[PDB]
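Whatever order the structure lists ligands and atoms in, that order sets their numbers, starting from 1. Index from 1, following the sequence.
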Amino acid sequence: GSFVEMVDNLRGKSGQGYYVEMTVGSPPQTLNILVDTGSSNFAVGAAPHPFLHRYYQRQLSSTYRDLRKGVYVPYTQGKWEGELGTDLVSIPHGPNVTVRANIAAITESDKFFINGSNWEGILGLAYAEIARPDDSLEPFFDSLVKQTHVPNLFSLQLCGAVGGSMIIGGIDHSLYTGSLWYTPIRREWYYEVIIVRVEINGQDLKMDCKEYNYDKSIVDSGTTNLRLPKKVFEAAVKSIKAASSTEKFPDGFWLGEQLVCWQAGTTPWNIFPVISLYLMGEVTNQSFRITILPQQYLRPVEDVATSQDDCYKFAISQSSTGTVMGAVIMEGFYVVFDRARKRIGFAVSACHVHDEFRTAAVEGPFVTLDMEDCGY
Ligand SMILES: COc1ccc([C@@]2(c3cccc(-c4cncnc4)c3)CCC(N)=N2)cc1
């Protein structure tokens, strides 16, 4: 069960996350599980639901242990509730190991599961500090590291159309090209990082760098969009509207509320600007940038009914809880969650986005002498 078995172990549907096959219980029950760097619970559907193909049946698992403790999680988009226990867990196309881990058996939920997403649970890969009900509930990756000899690192290569790879324990050098650039993990809760500069077609947004990270910035495979604090979002939208002015779109497009469509194969990519996010480097006032093409931030919406055309949602939206570098930002980068060294590395992925004019990039180094601290 080494890296060379772990490649192409992820699948997905656009806008609905990326999932990996896992088993829970004894005999193993196979479940598809969303890979979520934005949370820290292993939480699996454990009762029937209109949107679940299958669910964890605790009664059929000999090795299940009830912890006699409930968990209730209301969050922005929805809610879920369940019962805590432990059981044996493996990742068939992941490391060749079986561990005993905490499992939240989801017994009731509202707008948590998605119709036709093909996943039945979430694997929260962030740290204990944001586990529910509290930080005493050891996250899965912590249990994995403790119980096996797996190195304390994983990587995600997410690809647009979807699929990709989660490599646990090391770095698969066949999954990226060029250099890996690291940004520090600021605090171990979410995967919190610091953005030092934003450019839109090379034009600096010219804001105090604290605004980019009000009130935190995170790398979150469980969020589709690039989410930006209000001030930054409004400035970004003004610049992208300015760059793309040869065409005018309804306000609903800018709000993520409606599609823009063009005749099949005629999307005018080159009227849309590239977005550069400069991330704090590992040494003082050094940074690197990751560049995001419109092929990333205009997310295609597959629909047989609209298929004479190519249609997209604007996958950048306003946030009141900080910046979220979601799946559209991670797509086409090889992203290394180097927990052992408290850092996230970015490199150009095997499935990077490009046309004949422009390519997604990871480039550095950059220096800024006149710098304050960019964190809140
Ligand atoms: C432990 O409680 C939660 C609450 C919310 C989540 C969440 C989540 C919950 C359900 C579905 C999705 C999701 C939906 N669409 C696409 N990707 C992920 C995402 C919200 C934010 C994030 N990173 N994960 C995960 C665990």
Name of the residue among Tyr191, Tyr190, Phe337 meeting ring-ring contact (aromatic ring centres under 6.0 Å, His included) with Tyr127 | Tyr191
At a heavy-atom distance under 4.0 Å, which protein residues reach ligand 1? Sort them by chain and number, would you?
-> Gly15, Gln16, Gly17, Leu34, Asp36, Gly38, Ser39, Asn41, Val73, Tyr75, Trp80, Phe112, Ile114, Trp119, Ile122, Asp220, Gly222, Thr224
Under-4.0 Å salt bridge between [X] and [Y]:
{"X": "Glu372", "Y": "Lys210", "answer": "yes"}
{"X": "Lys79", "Y": "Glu81", "answer": "no"}
{"X": "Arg58", "Y": "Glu83", "answer": "no"}

Among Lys230, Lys231, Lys238, the one residue meeting salt bridge (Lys or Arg N to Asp or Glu O under 4.0 Å) with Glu234 =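 The passing option is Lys230.
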Can the ring centroids of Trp269 and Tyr312 be said to lie less than 6.0 angstrom from one another?
->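 Yes, close enough.
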